[PDB]
Every structure is written in structure tokens, then in C-alpha cells.
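> my complex, first installment, coordinates as in the assembly:
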Amino acid sequence: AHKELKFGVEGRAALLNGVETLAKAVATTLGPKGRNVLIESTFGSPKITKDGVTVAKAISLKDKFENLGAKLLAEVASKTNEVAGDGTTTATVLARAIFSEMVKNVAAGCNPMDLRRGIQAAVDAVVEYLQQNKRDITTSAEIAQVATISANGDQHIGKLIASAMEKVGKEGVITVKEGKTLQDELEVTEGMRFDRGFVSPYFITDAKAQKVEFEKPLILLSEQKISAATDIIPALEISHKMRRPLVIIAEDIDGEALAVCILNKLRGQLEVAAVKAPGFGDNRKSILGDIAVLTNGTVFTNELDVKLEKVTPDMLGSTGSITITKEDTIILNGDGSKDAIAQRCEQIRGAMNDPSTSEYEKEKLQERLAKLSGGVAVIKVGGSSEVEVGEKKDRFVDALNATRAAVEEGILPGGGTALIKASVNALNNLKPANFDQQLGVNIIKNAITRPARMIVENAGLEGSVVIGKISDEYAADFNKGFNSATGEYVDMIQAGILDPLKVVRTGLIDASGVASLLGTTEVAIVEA
Amino acid sequence: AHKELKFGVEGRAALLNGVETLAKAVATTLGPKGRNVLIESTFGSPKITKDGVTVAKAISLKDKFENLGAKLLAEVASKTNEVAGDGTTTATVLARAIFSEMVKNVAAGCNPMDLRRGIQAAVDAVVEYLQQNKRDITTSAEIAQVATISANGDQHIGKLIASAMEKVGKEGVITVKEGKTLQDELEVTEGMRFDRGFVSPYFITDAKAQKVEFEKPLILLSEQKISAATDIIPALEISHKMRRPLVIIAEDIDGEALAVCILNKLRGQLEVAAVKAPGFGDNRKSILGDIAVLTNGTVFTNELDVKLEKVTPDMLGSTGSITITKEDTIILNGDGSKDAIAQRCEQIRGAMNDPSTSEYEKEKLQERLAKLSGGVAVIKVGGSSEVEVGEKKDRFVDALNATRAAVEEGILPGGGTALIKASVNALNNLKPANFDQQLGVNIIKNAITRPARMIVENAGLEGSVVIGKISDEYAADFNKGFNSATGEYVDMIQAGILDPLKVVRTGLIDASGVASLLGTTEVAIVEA
């Protein structure tokens, strides 16, 4: 109940200062020739940092308004990182540049709304040009090539594994089991996947890396609300009695049974796994039937003839292995009878022949076929020690994430060359009607080149001359740019440098939106 | 026990400063071309705000007197929002303008009482002129049109649903049940409605959105005071035993049974629903008989032959679904026998033929017929996911609220055009007797145009020229004004912009009253 107000230019200047400070701190690690950061933990001794996400998330300025701007920039950076996985620094730099130019133009008396419309139109033109010029990733050979360069090149076994896993399946997953002294052998296994993590962050002890500790785990299927311990206590008690893993599917559970069990005896007696049930009511029933067919064969519902208080291990489902983390669940090696599964599949196929089938049901069953017939692509990572297998697992996960982004969207020459080419060959065609729209187009044209300037300046060479050579001398050649690793103007396609279209496009879109929003806030309040 | 006093001009200036600061902060979001606000939560990371109610409620100034003025303005703004649902920013701006002009005139030595009388008479003339010039909303086609434009236009299915629900019933309600994968199908169901929320805010877990979790819930009917657990414990215990919802109707209950149950076992075992009994003693008996006829068939009263300690599920009433929130209760799908309901209805109809029936009883039974025969208009909202169905429900609720306001009062050209036309064609006829009344009339004439000026200035164009063109060039045409979305002088009726008469009228009335009251307070005290 205590606030202070800043109006118009003062608040905008405070937000400018905060955003500029955070972006200047973050951009120091931009490009292959980045520079390190010094971070200290609360306990122990300080660590080192060379990326951008952690330093961006670990910044809090002196002034409250600067902290507010930094926290908003952290929000958009974290959203971009979760969506794509990289490009956070470039998005932050672009947002800072656009916001600074916008506030500078606003201080001159220009209309913020026309500026916002102009920058929006220019950003749309830029992304359209980028999509037009991009290249697709289809052939298995170039699939292996992009997997190799996305995995620093030395990971030849990793790129072969990724190419095989892409040519076999499309969903894909990575898991680790104990030492795993094998040589990273791949396999194809039927399974299911959905994106619904645990409601509470206390259900996984190894939440830092999401370790796999569910070997042949039992599962529970339910649809109605679970809010009492009357009909769920026997299941967990018997699971602890036989020392077997189990999961709980409840629409909304406050963990009263978990708290009672913990107070009776602290953690170390059972594995609690609570996952909220999905939506799509009819599709929810269909997916429940599908998972029962794969593993369980029996669901729990008071409307159905099955009694709600029949919680016994007789009809409980099982699977070869499961993997549930904070954002999605991985199911594989269904234990159901394959004969009945094939019979139901052929029944569905025969149902596909009826022209009178409902369109929504038809498409739901078609996507069910698409996500079930293919199977879950599982790769057993290898290694010698626990730390070695862990670092191999993380390397594999970033490599596969980059590969998925590249295949679903497309690759572009990295290092900011694509941005320069787009800003030079795209915005020259736009013809804004009024004057402030032209000013905003010029603002976006000047701000697009900022990440490339930072990348070039990080190595040491002057960015102005490099940008002039790239934009003018090599305007026709899209792939021609500057290789900061060696300092020679070579094509990133042959050199191996790349940037997927998805990450750069979403970073540019989020940066432009955040800057446009921040440039139109006269009033901003903070707490005491 | 510690206060400081400010007398006359000093306190009035402090209140002026506080009100002006709050209104300047709020008005930044006025009009379609509004500008955003930066709000940070206590935990987590800051959010964004583009409306006026939240920023108005989340402002607390430095000085105690400024905070006092801001809190009074928050009171009137919240009352206006609860009464209408919008127009908070316009009311705040009008109140600030009127208060500033009033205090400026008071500092010149004018009589505050004559100024208040003059502004009251001028406001009465303005609202009378607005009511005279308005248009009615009767035809189903223009009903669908106003529903469409009130729902941003793109909600075509929503406007069709609203038109059907208005042509079928007049009470109306919106409810959500789980995913609701349907296509937003409407229905007609008999039910009852009253406005009496829960006494305590702890009875609903999802108080943020008032979720519906009462499927076939049992209900309890009582009239006498309930203050002991002797005759209410068996009901709640058996309801928890069979896991069925239940409600409690008590004149005044302190929740001793609820506290005992919670301390025996914290929340998660029963659903407490306590609603205070209404007034209108004889009408209360009539409404109790009506709800019993619809659902229960038996009421509880020591005066009646029914025993007070007969709390068994044998005669407890039931319904298909119920919806009770913090301001009103929704009852629908009565489970009583329709044959006896029809027999009692025909008995009442025959009783209507007696000329000797009491007038109060006749009108009470007539309004009972009006609110019972029509039925409760219920619409089953649709959607794919939980967040999608939630946003659809909120969109529907604001659309229906605006539609109800428009039909019960009438629509006017939005964007402040109606205010300009009223101030130009209305106050010129008034002929105040003394001089300070004329000064107050001039004050209200100058202050009415403030919301339009803010709306025009928010986009960027100069407000003075736009107001001059609207007031003088297009004085005859009421619908002619300024469209801030595009900048062309077009009619809001064809363009779709509107403002219901109810919201603008109540905002103007509350603003004028608050400003007149605040302009006549020499003394104002604050705590330490």
C-alpha cells in the first residue's frame, strides 16, 4: 500500500536506462568470440558464465524502474528461450535498439502510434523476405550435415544417431539410465507422448536434470475429480508395500495425502507423481481409451460401470519404462496385448471407410493414427562415468532441439548476415504513406544491424567497415558474410555457421513487440 | 490516537493534487488508442495493464491527503464499474475536471453552494437532453448488430447466441463446465435467481473466476436463525459421507461448525456454502414456498409442524445444476414434479380472478409469474482447452453485460461525441438566476469536453481542432464525430463505436456528485 509514480519522459528514460544496461551486460557474450561473465553462488565459491540466459536472469538493477524494465526484458528473453532454445542475446539487443530509437523519436515529437504501425509493417516485410529466401532441410545427407554442424561437428556418432532417428521417427526423445556403458545404440519402440508436467515442483528429487528412475512403473487412469483420500489411499499404500513406482492423474489435488504421508514419515518411502488431466473432453476420452489399450485396458469413471473404490493392482496398467518431467510426459513400451491392439487398429481402419463419419472424430482419429503408428523414437545415450553420460545427454538434447527447429522451420546463415541481407534487400521496397511510418521503417533498418555489429565488435575488428562490406559489396550473395572465427568473408553454408529461421524470427518478433509496447507507456508505478 | 489537521485551502489543494495525479495516470489508457501501464505483482515478475480499473485501484500516493483523495476517487470508480462495467476512466476524468474548476472558482471568492446548485441543474439538463436524443434497441436485427459491435465484431457466433438468448429470455446467465468441447449451444431451462452471495470469502476455492463445481447438488431450506451445531451436524456429515454438494441458508452464522471441521481435518472433505436469507418477510415465505415447489417440497420452520431436528436426506431438495457466486445465486433444472407445479400454477391463475385479492400479494405473485414462467436463459459456452474456454467465458460475460446495459437503457455514439453534442445543444438554453450558478454552468460546459479531448490527444492529433470541428461544423448531426481509430469524421452508428446511455449517465452523475462534495470540505484529517 505504498507506490510512487513516474510520468511520461521520466519513466521512459528510467526504462531506457534499465533495458540498455541489461542488454549491454548480456551482449558481451554474443557471437562465437564471446567474453565471459563472473557469477557467484549464494554458498561456496563463484562460477563462470559464457552464455546469455543465466546472466540475463541474474540481473537486478539499483532503481526500481530499471529493475522493472530488466524484469520485463527477462520475461521476453525467457519466453524466447523456452520457445526456441537460443537467440536470446540477439533478441535482447534488437529490443534494446528498437526501444532506444523509438523513445528518441518520441522525444522529438513524433506520433508513437504511427511509429509502431510502421515498425510492425517493416518487421512483417522483413520476416516475409527471410521466409522467401530461406532453404529447406529435406535430404538425409544434408540432414546429417546440419545435425553435425549443430552439434559442433566433432559429434559424428551423434549426428549419425540424429539422422537415423529423424529418418525413422518424428517425435523423438532422449533418456539416460545409470552408467549406460553402451555405444549409443538407437531403437524403435511404440509409445505415447503428451505435454503436461507435475503440478508441484517437489515430486522429482533430481529436478535439475530430470533423471529417469521409473523402471517398469505402474500407472493409474482416472477421469473424475480426485479430492479425498478415501479411494486413493490403498493404491499408494500397496505400491509402497511392493516398492513399485506409481502415478496419479487428478484434475485438481492439493496433496493432502502427500502431506499426511510426509508427516507420518518424511520423504524416502514413496514416489509421488501427480499430473493434471488434459482437456478436449471427447478427445480426452479417446486418449484415455488409447492409453488404456496400450498399457492398462481399464479406466476409472463413476459414469462407467467400473466401481470407483476398486483400487487394486489387478487391473493397474504397466509399461516397460516411463519418463515424466516438468513440461511433458514420455510413455513407451506399452504392456498391452498386441493382438487386441491390432484388432482395434483394423476396426478403426474399417471405420475410416464410412463417408458419414464426423469430421472432428475423423481428424482426431487420423492424428491418433499419425502419433501412434509411427512410434516414439528413443535413443539410449552412452558414456563411461555419470558426469560423462550426463554431459553427453545435455549435448544430445541441445543438438536434437536445434535439429528439430531447423527441420520444422529452416536454416539461415548465422552471425547476423541474414539480418543484414534482409534489411538491405527488403525494406527498400516498402512505401509508407505518412512520414512517421517512414521514420519507423528507418528505425527498424538501423536497429536490425545491431546484433551483427555486436558480433563483429566482440572479436575486435571494427563493425562499421565489416557491415559496409557485407551490405554493399556482397548484397547479391545472401550467403556471403563475415566469419568472426577467422576474419575472412566466407559463406556460412560451407563454413558450417547457421541460424534456424524459427529462433531468429521469433526473437525478432518478440523484440519488436516488446519495444513497441514499452515505447507507449507514459505511466509506470513501482512498490516501496 | 494521533491526527493532523489541514484547513480550507491547504486541504483542498492536497485533494486536488491527489485527484489530479490519479486521474492523469488513469486517463493514459482512455479511448481505443490507449497506452499501456506497467504493473508488478508482489511475487514473480511484472505484468502489463491496458485498462483503467486495475491501475485506478492500485494507486497510493506519497502524502496522506493525496492518498485520501485517491481512495475516494477509487471508491466512486469502483461503484461505477460495479453498476455499469465500463466508463470508469471517463467518470474519473470528468470528476477531476469538475473538481479542479470548482476549487479554482472557490479560490476566487465565489460561493460554493451556488456553484454546486448550478452544476447540479446543468447536469440534470445534460442527462435529460441525452435521454431525449437517444435511440432504443428493440428489433432483433439491430439487437444482433449491437451484440456484434459490443463483442468486437469478430464474435459472430457470440452475437447470434446473444440475440437468440435475448429473444428467448430476459434474465440470462453464463456457466462453464469442464472442457465443453461443444459448439456453444443454447438451451432454455426453468430455474430461479436471487442476488445474495456468500457471507464469507473462503467458501469458494476458485473465487478468481467463480468456477462451477456443483453437479446435481442438494440444497437446504430454512427460515429460523441457525447458531448451533445441534441440528445441522448430521446434514453436513451425511453429505460428506455420500460425497454430495450441499448449501446452508442461515440468517447469521459465525462458522463455528466450519472451524471445528477444518481443525479436525483441513479443507478437502466438504463443500461449505452459506448464503444469508433474504428479507421481505411475507415475500420471503412466498419465495421459500416457490423454491420448495421447484426443488424441495419441504421447508424448515419451528412454527410449522415440521420438526427442526429432522435433518435427513429424505426430503432434502435437489436440482440439475446450481451456480452461486459472491453477488448472486443461479438455480436451474428444478427436480420437483411438473404435474403438481402445473396444478399450483393453475391455482394461482384462478386466484388472479378474485377482485378482492390484496394489491401487494397480487403484485408479488405477478412478478413471481414473470420471473418463473419465462425461465432462466442458460448458454453452454464452448472451447477447446481450459484457458480457451475461460477466455471465451469472460468474453461472453462482458458482451452480455454490455448488451443488457444497452437494452435496458439505450446506446449513444461513443468516443465522447455524445458528450460534446449535449454540452453544445443543451446548456445554451439554461438561464440561471444568480451569477455563481452561471459560473457553475460554464464550469460543467468546459469540463464535459475533457474525455473527448483526452481520447483525441491519446492518438496523437490535436484535441482542440477536433473538438472545434465536432462542436461547430457538425452541431446539427448528433452521430457525427471523430473516429480516433482512423482519423476520419464518420458516424459511430455506422462505424460500430457506441457507448450505452446507462454507463455514461451514471459515470457523469457520480463524477458530478463526488466533485461537488469534494469542493465543499474545508477540513480533512488523516492518521499518523
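Happy to help now that I have it. Residues are numbered from 1 along each chain as shown, chains lettered A, B, ... in the order given.
> residues in contact with the closest residue to chain B within the stretch 101-250 of chain A?
Per Cβ to the nearest Cβ, residue A:111 is where the stretch 101-250 of chain A lies closest to chain B, at 3.9 Å. Just so you know, the C-beta spots here come from the backbone N, C-alpha and C atoms, and that holds for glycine as well. The neighbourhood of residue A:111, defined by Cβ atoms under 8 Å, 6 or more residues apart in numbering or on different chains, consists of A:436, B:459-460.
> tell me the phi and psi of residue A:523?
phi -110, psi 140 (degrees, to the nearest 10).
> Just give me the neighbour total for it.
Using other Cβ atoms under 10 Å in any protein chain shown, residue A:523 has 22 neighbouring residues.
> Residues of the stretch 1-150 of chain A that sit close to chain B?
Within the stretch 1-150 of chain A, the positions near chain B by Cβ under 8 Å from any Cβ of the partner chain are A:1-5, A:7, A:11, A:15, A:68, A:71-72, A:74-75, A:111-114.
> again, 6 Å this time
Residues of the stretch 1-150 of chain A lying close to chain B (Cβ under 6 Å from any Cβ of the partner chain) are A:1-3, A:68, A:71, A:75, A:111, A:113.
> Work out for me the element the residue lying farthest from the centre of chain A sits within.
No residue in chain A sits farther from the centre than residue A:305, which is 41.4 Å out by Cα atoms, centre = their mean. Using DSSP states H and E, residue A:305 maps to neither a helix nor a strand.
> residue in the stretch 151-300 of chain A nearest to chain B?
residue A:281 (3.9 Å).
> residues contacting that residue?
B:179, B:181 (Cβ atoms under 6 Å, 6 or more residues apart in numbering or on different chains).
> Can you show me the strands along the stretch 51-200 of chain A?
Listed in chain order, the strands of the stretch 51-200 of chain A (DSSP state E, counting those that start in this stretch) span residues A:173-175, A:186-189, A:191-194.
> Chain C should join the structure above:
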Amino acid sequence: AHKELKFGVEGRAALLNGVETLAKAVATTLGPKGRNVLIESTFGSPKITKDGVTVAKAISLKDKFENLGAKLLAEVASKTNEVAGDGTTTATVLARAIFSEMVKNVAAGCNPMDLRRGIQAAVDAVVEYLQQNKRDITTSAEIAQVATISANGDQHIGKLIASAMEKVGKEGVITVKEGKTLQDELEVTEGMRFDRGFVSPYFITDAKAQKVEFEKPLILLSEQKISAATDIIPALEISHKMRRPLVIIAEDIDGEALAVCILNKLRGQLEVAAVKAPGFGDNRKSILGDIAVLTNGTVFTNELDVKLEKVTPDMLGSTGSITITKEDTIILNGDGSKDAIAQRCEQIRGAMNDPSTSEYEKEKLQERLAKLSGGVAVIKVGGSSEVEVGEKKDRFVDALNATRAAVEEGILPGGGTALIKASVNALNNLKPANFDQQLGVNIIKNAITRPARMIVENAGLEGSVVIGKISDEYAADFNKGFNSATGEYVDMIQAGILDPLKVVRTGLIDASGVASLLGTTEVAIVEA
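If we add chain C to the chains shown above, we get the following:
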């Protein structure tokens, strides 16, 4: 070369503070029941003050802007005192009131120009009403009456002398010669008068009282420029030789001869009297011929046959007595031959019979006849001692000044009653077109009553009740007012209290003009 600037409201408030402080200091002596002021001289010991002019001229505030406003008010007060001789305090109070109301209305957003026009029109209406209602002073009996009351009544011999001097002549003059043990006997003597004082303030030793020390003084007549000592040294040398007074008439003289004489021997050897020649070239020649005819008979001009270097006492003019002070010259007892004067007068009279005479020459000679045939009215004041004759001379001079003002303009009931009657019966008829003109009219109506309020409050009685009784109960009777001397509502005409129309009218006009000018100065600069 060092200034500080104050803009708009700040400078206006500073001027308000200065003017209000000076006016509050001055008004303490307003009315017959005034209150004294304490003034200290640079040397010696402090004196006492009960008037307004000296305290107004001896005020300098702390702030530079307050001093600037006080100095402007001193300018207008001194101009009013020089024009009329009294009413300075009333004019200052009226100016303060009008300026305060004007700035208060300006702070409310009213248009200063419309306010100025309204107050100008209202002031014109007020003065027109005052002129309409006034009474003329014609009959010799009421002439003696007004002379008596203007001279505090006890001066019966003075009022008889004034009545005789008014019935005999119209120019009038007062002179003192040594003790003058006579009984204040009057006489009629031919003479001349003009308003042109000495160029330098060092020519009169007794400049405090303008003592008469020119008994039978020689005079010099000249028309051409005098800038060298070649043709003026013999005259002053011979005048000092015979110890006779002399005068010098030069268009522009820097006093080089005076400085040379002083450095040869400091003051105490000659009487320097330098008076600038008048304008009106042809009329200047006519007046030179007239003064020569009366006294000299010979003028000096190079164009005329008279030699410029003929400065001898042979043809120098002489008179019985002369009186020259810092503002006008008094000539009397011409020494020329009366026979030739009569011959020239009859020649002029015969010239009046020619219809072909020039109109300008005709009117110049007619006014010459009017100011020559009548003669200069000279009164020989009486007394016992030097201080007694001095105080008698000052008493006579103020009495005659008041009498001249009254006869040339007219008398009105003093004590502010006339202002109240004018403000009540005059401004009610005016119908201003716009609104700010009405506001200015109300401002002048409220400000006119300020001198009466101060007069009543000085005695001790409440001014509000007295003003209410005067304005309402006695609206019809112009002469009815309040007598602050005794506290009874009696007519000032019978009671003897009066205020001439000229003084009050010019004070009101100057106050209104100064306030209107001061209310429209946003910018005002002061030195370091």
C-alpha cells in the same frame, strides 16, 4: 548588465504582494479617524506622519519586484497628488483592490482583455453617473460655505478672503513677505502668469517653501538661443554691482556662466533665475510683446533691429514684485506706462471689429484679453511670527487649491458615500455582452466600496453593517451616508464633509488604468 526574469503568475504574485503591502501601509491613515505613522529622518530624531503621500513615497520593500510595484504605485499616487492635491490614499486602495480582483480572476482562466474592457466600461459608467448627480458651486454664499468647510471651518477670515478673491478674480495667487503683521488684506493688481519653472533646482535657496525675496526685480526678455557668455556677462555683473534681482530667459542654458561665477566666488553674490522660453511660436511672440508692454517695452531678437549686444540697464524691464517657483511664474505690478497700454488695448479692440481677422489670432488675442483685463488676484497673508505666517500661508494654499478644484469641477459627499451610491445606482444598468465583461463589472462593483470600508474600519465600527445600511436603506438619498467623526448617519452636505469631483474622478481613473495595466504583464525584469 545583470537581470533576472519572472514570468506570468510568479511576477504577478510578486507585484500583488508589493502593491498590497504598500496599500495596507498607506490606508492606515485613511479617513478623518486616521492613525499615525512613525518616520525617522537620516539625521536627528524621528518625526510623526498622519498623511498618505509621504509614507507612500517613503516605502521600499525587500524584494526587487515588490519594490518595482511599490514604485509604480508611488508614480501614480504622485501624479494624482500633483493633479488634484488629495485623494491619494483612496486611489491607492482602489488600485490595490482592482488589481487583486483582476489577478484572482486571471488565475481562474478568465480572459484579461475582456476583463479590462469590462472594467473600463464600468468605470466610464460610474464617472458618468457621478457627473450626472453632482452639484455646482456658483452662488457666493455657498462659495464662502465651501471655502469654510474646505478650510476646517475655523478659518472664517480665510473663507471670507477666498470668497472675495473668487468674486474679484479667477487666476489667484498667494505670497508671503517677511513678518506681514497685517490682518490678511486682499488687493487687485494687474499682472501675468505662466507655468514654466526653473531648469535647475539650485536657483532657489528656500526651495522647501518657495520664499519670496524679489522686491522690485529687473527682468530680461529674449527669444533667440543663449549658449555663450559674450552677450550675457555685463547684465549679471551690473546687477550684482547695484545689488538688484534679475532673471534669465534662455531656450537651453547649461549654466557655464553660473559655474564660473560660483568658482570665482561661491554662492552669496548674485541671484540666478533661469526659466526656459515657452512654445507656441507666434503666440510666443505675442506673449513677449505683451510682457514687454506691461513691464519692459523692448525685446531681444537678432531678426529684430535691436542689437544683441545691447545689454544695459537702460531698457531692462521692471515690476513691483515677482514670484517664480519650480512649476509656474507669477508676475504682478507691471511698471509700463498705463497710457500706452490703454492705447494698445483700444487698438486691439478696434482690430476685433474686422471680420477678416484670422481665427487663430482672434482666439489668441481673446484669451490674452481674458487673462490680462481681469488681473492677477493677490492676497497678502498675515501673521505674527515667521512660523505663524508660514503655517498660515500653507493653510491658505491648500484651502485655495481645494476651492479651485471644487469650483472647476464640483463637490460630492465625502467619506466614500458618493462611491457607494454610484456603485449601487450605476452598474446595475450596464448589460455586458460576454461573460468576462460581466465578471469585470462585478470586480469593479466589489472594489469601489473598499475606501469606504477602510474609512469605517479605521474608526473601529464594523464596515460591513455600515456599508449595508448605506447601500440598501439609504439608496435613494445620495447625500445620506455615515459620519465617522460621530458615528451617526447624517448628510455630509449639512455636516460639512465633502470630496470634490475632480480629485475622486481622477483618482478612480488613474487607479483603474494602473490596475488594468498591471494585470496584463506576464514578464517583468529587475536589476541585480
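> again for the contacts of residue A:111, since chain C is there now?
So residue A:111 contacts A:436, B:460 (Cβ under 6 Å, 6+ apart).
> quick one: it from residue A:437, how far?
Residue A:111 is 10 Å from residue A:437, where distance means Cβ to Cβ, to the nearest Å.
> Doesn't residue A:433 belong to a helix?
No: going by DSSP: H, G, I helix; E, B strand; the rest coil, the assignment for residue A:433 is coil, not a helix.
> and it, how many residues sit next to it?
Close neighbours of residue A:433, defined as other Cβ under 10 Å, add up to 9.
> just how off-centre is stretch A:55-66 within its chain?
Averaging C-alpha positions (Cα atoms, centre = their mean, to the nearest Å) puts stretch A:55-66 24 Å from its chain's average.
> Name the surrounding residues that touch that stretch.
Taking Cβ under 6 Å, 6+ apart as the rule, stretch A:55-66 contacts A:14, A:17-18, A:22, A:26, A:37, A:49, A:67, A:70, A:74, A:77, A:526.
> and it, which residues are buried?
In terms of neighbour count (16 or more other Cβ atoms under 10 Å in any protein chain shown), stretch A:55-66 has its buried residues at A:55-56, A:59, A:61, A:64-66.
> could you redo those residues as CSV and give each row distance to residue B:503?
CSV is the format used below for these (distance: Cβ to Cβ, whole Å):
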residue, distance to residue B:503
A:55, 49
A:56, 44
A:59, 44
A:61, 42
A:64, 36
A:65, 34
A:66, 39
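> out of the residues you listed, which are inside helices?
A:55-56, A:64-66 (DSSP state H).
> mind listing the helices for the stretch 351-500 of chain A?
For the stretch 351-500 of chain A, the helices defined by DSSP state H, counting those that start in this stretch cover A:359-373, A:386-408, A:417-425, A:435-448, A:450-459, A:463-468, A:492-495.
> The stretch 151-300 of chain A: helices as residue ranges?
A:156-168, A:233-242, A:256-264, A:281-294.
> add chain D to the structure above, sequence below:
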Amino acid sequence: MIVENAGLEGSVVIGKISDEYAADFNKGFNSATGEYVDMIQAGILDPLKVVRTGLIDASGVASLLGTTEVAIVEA
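Chain D, in position alongside the others:
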């Protein structure tokens, strides 16, 4: 205070009431409209008990407070 609260000058109103209408007890000033009308017909009233006890208590309290040279307070 009553007259000044409305806005009109209290001095003139009190002078008119005390002097012009001294004989008429009911004649006074109606602050609601500003016209000198009788409160008996206008409806305005004040019971004798309340005004008498208020005057008595005010006079007693003022007289008591005017004769206290010494007065102590806590920390």
C-alpha cells in the same frame, strides 16, 4: 457561523436581526433560502432543553478552563 457557512456575510445579517427585528422574536434569517422569514412558519426550530444545556455546559467549561494556571501532561 451559521450565516457564514452558507456564504453571506454574517455581520450584516446579525445587524439586521438584532436591530431591525428586535421586537419580533420569531423573525430571523433563513439560511436555506436567504430570506428573513419566521422559523415557526418555516419549520426551523431548536428545543429549549438542548440549547439551554449546551449554553450552560459551554459557559461552565469555559469558566473552569479560564482559571487553570497549572496543567500537567504525561511523557
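> can you check the contacts of residue A:111 again with chain D included?
A:436, B:460.
> go with 10 Å
Residue A:111 makes contacts with A:105, A:117-118, A:434-437, A:439-440, B:459-461, as judged by Cβ atoms under 10 Å, 6 or more residues apart in numbering or on different chains.
> Which one of those sits in the busiest neighbourhood?
residue A:440 (29 neighbours).
> didn't it look like it was pressed against residue A:125?
No: applying Cβ atoms under 10 Å as the test, residue A:440 and residue A:125 come out as separate, 12.0 Å apart.
> ok so, going back, now do the residue farthest from the centre of chain A against chain C, distance only.
81 Å (Cβ to the nearest Cβ, to the nearest Å).
> Ramachandran coordinates for that residue?
phi -70, psi -10.
> Please list all residues in contact with residue A:504.
A:84, A:86-87, A:90-91, A:94, A:127, A:130, A:409, A:412, A:414, A:416, A:418-419, A:422, A:451.
> burial of the residue of the stretch 101-250 of chain A found nearest chain C, as a residue count?
At 22.9 Å from chain C, residue A:109 is the closest residue in the stretch 101-250 of chain A, using Cβ to the nearest Cβ. Residues lying near residue A:109 (other Cβ under 10 Å) number 8.
> Now residue A:447: closest residue in space that isn't a chain neighbour?
The shortest distance from residue A:447 to any non-neighbouring residue, by Cβ to Cβ, 6 or more residues apart in numbering or on different chains, is to residue A:97 (3.7 Å).
> is it true that that neighbour touches residue A:419?
No: using Cβ under 10 Å as the test, residue A:97 is too far from residue A:419 to be in contact (11.5 Å).
> Need the overlap of contacts for the two.
By Cβ under 10 Å, 6+ apart, the residues touching both residue A:97 and residue A:419 are A:447-451.
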